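> One structure coming up, written as structure tokens, with questions to follow.
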Amino acid sequence: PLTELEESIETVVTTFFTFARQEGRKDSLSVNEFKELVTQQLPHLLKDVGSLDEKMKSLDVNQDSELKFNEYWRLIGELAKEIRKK
Amino acid sequence: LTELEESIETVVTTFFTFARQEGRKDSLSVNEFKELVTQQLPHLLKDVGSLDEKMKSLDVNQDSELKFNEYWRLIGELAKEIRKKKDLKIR
Ligand SMILES: [Ca+2]
Ligand SMILES: [Ca+2]
Ligand SMILES: [Ca+2]
Ligand SMILES: [Ca+2]
């Protein structure tokens with residue numbers, strides 16, 4: 001099977017698709033799916049994020065009202081880079 | 001921590017675990033990078049070829065070290081290949 005690091009990378013990727021398949025396109029997060037992912041799975045790392053509707057807008061870099069995997073990955077990188085600082 | 005948060009913490013911590021071994025404690029020398037790949041990415045980087053060449057390719061500022069940003073670009077490469085398998089095209 002996978003190492004601790006490999007399984008962790010796989011979990012990060014799987015979590016996107018778990019949330020993205022709930023409604024509309026199965027390969028992107030709507031605002032509702034993004035809000036679910038944050039509230040369910042990032043309640044600690046995003047505790048101080050403020051308005052989720054604004055954060056969605058900020059991450060939606062091509063202004064199509066959905067987060068594709070690349071845009072979610074940008075969020076993961078932001079969270080990683082904050083953790084690194086500790 | 002949630003499953004997702006634990007996983008992001010693991011990805012970050014694994015870097016420092018290998019980086020603190022010798023030299024600058026916040027970067028991977030080529031020896032520390034080879035240890036990380038062999039011990040912790042043996043499957044995802046099974047087909048990577050020369051580790052010394054991979055190190056060079058990841059060492060974007062040619063300082064002979066991988067700082068966290070440079071390791072994170074590797075994790076992104078690996079994540080994109082996983083993404084392909086978690087969203088298969090029937091075509
Ligand atoms: Ca969706
Ligand atoms: Ca978008
Ligand atoms: Ca080092
Ligand atoms: Ca470097």
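Please note that chains go A, B, ... in the order of the structure tokens, that every chain numbers its residues from 1, and that ligands are numbered from 1 in the order shown.
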Would you list the contacts of region 12-18 of chain B as a PyMOL selection string, taking every protein, DNA or RNA residue within 12 Å and counting only C-alpha atoms, but skipping same-chain residues closer than 2 positions in sequence?
(chain A and resi 3-6+8-9+76-86) or (chain B and resi 5-10+20-41+66-72+74-75)
> Neighbours of ligand 2 within 12 Å, counting only C-alpha atoms and all ligand atoms, as a ChimeraX atom specification?
/A:27-31,34,56-74
> Between CA of residue 75 (chain A) and CA of residue 22 (chain A), what is the distance, to one decimal in Å?
19.8 Å
> Work out how far CA of residue 20 (chain A) is from CA of residue 77 (chain B), in Å to one decimal.
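Between these atoms lies a distance of 20.7 Å.
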> May I have the residues within 6 Å of ligand 4, computed using only C-alpha atoms and all ligand atoms, as a VMD selection string?
chain B and resid 59 to 67
> Take the residues just selected and output them with C-alpha atoms as a PDB file, in the first residue's frame.

```pdb
ATOM      1  CA  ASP B  59      15.946  23.045  -7.609  1.00  0.00           C
ATOM      2  CA  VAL B  60      14.602  25.974  -9.566  1.00  0.00           C
ATOM      3  CA  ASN B  61      17.008  28.511  -8.113  1.00  0.00           C
ATOM      4  CA  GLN B  62      20.078  26.229  -8.433  1.00  0.00           C
ATOM      5  CA  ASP B  63      21.255  26.610  -4.800  1.00  0.00           C
ATOM      6  CA  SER B  64      21.746  22.797  -4.403  1.00  0.00           C
ATOM      7  CA  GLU B  65      18.910  22.678  -1.817  1.00  0.00           C
ATOM      8  CA  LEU B  66      15.168  22.120  -1.965  1.00  0.00           C
ATOM      9  CA  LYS B  67      13.361  24.705   0.209  1.00  0.00           C
TER      10      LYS B  67
END
```
> Point out the residue among A:11, A:23, A:44, A:16 with the least atom-to-atom distance to residue 87 (chain B), counting only C-alpha atoms.
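Between A:11, A:23, A:44, A:16, the residue approaching residue 87 (chain B) most closely is A:16.
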> Hey, what does DSSP flag as helix (DSSP H, G or I) within region 11-88 of chain B? Can you give it to me as a ChimeraX atom specification?
/B:11-19,30-40,51-58,68-86
> Using C-alpha atoms, can you export the residues from the last selection as a compact mmCIF listing (two decimals), in the first residue's frame?

```
# COMPACT_ATOMS: atom_id res chain seq x y z
CA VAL B 11 2.71 16.52 3.94
CA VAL B 12 4.30 19.54 5.59
CA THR B 13 5.92 17.70 8.50
CA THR B 14 7.50 15.05 6.24
CA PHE B 15 9.56 17.78 4.55
CA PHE B 16 11.05 19.02 7.84
CA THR B 17 11.63 15.50 9.08
CA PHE B 18 14.01 14.89 6.20
CA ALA B 19 15.28 18.49 5.86
CA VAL B 30 20.33 16.00 -2.49
CA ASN B 31 21.10 13.30 0.12
CA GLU B 32 18.02 14.25 2.21
CA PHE B 33 15.88 14.47 -0.96
CA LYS B 34 16.98 10.92 -2.02
CA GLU B 35 16.08 9.68 1.48
CA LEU B 36 12.66 11.29 1.33
CA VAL B 37 11.91 9.80 -2.12
CA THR B 38 13.16 6.31 -1.19
CA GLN B 39 11.45 6.14 2.19
CA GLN B 40 8.26 8.19 1.61
CA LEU B 51 17.07 11.20 -8.61
CA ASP B 52 20.00 13.49 -9.18
CA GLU B 53 18.39 14.80 -12.37
CA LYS B 54 14.97 15.12 -10.56
CA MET B 55 16.74 17.12 -7.81
CA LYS B 56 18.22 19.48 -10.42
CA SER B 57 14.80 19.90 -12.07
CA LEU B 58 13.14 20.73 -8.73
CA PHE B 68 9.69 24.08 1.08
CA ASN B 69 8.31 25.92 -2.00
CA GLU B 70 10.37 23.57 -4.23
CA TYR B 71 9.18 20.48 -2.36
CA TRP B 72 5.60 21.76 -2.62
CA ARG B 73 5.95 21.93 -6.45
CA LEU B 74 6.87 18.22 -6.31
CA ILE B 75 3.81 17.43 -4.18
CA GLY B 76 1.67 19.34 -6.72
CA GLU B 77 3.12 17.25 -9.59
CA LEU B 78 2.24 14.08 -7.66
CA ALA B 79 -1.20 15.37 -6.75
CA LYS B 80 -2.00 16.07 -10.43
CA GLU B 81 -1.26 12.47 -11.35
CA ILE B 82 -3.51 11.29 -8.55
CA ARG B 83 -6.18 13.65 -9.78
CA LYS B 84 -6.18 11.91 -13.15
CA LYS B 85 -6.95 8.52 -11.41
CA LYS B 86 -9.67 9.96 -9.14
```
> Determine which residues of chain A receive a DSSP assignment of strand (DSSP E), computed from the backbone, and state them as a compact mmCIF listing (two decimals) with N, CA and C atoms, in the first residue's frame.

```txt
# COMPACT_ATOMS: atom_id res chain seq x y z
N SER A 28 -15.92 19.76 -10.17
CA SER A 28 -15.75 21.10 -9.59
C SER A 28 -16.63 21.34 -8.38
N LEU A 29 -16.15 22.22 -7.50
CA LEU A 29 -16.88 22.64 -6.30
C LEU A 29 -17.74 23.87 -6.61
N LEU A 67 -14.94 25.97 -8.26
CA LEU A 67 -13.51 25.72 -8.05
C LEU A 67 -13.15 24.38 -8.70
N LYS A 68 -12.30 24.41 -9.75
CA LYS A 68 -11.74 23.19 -10.33
C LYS A 68 -10.59 22.74 -9.44
```
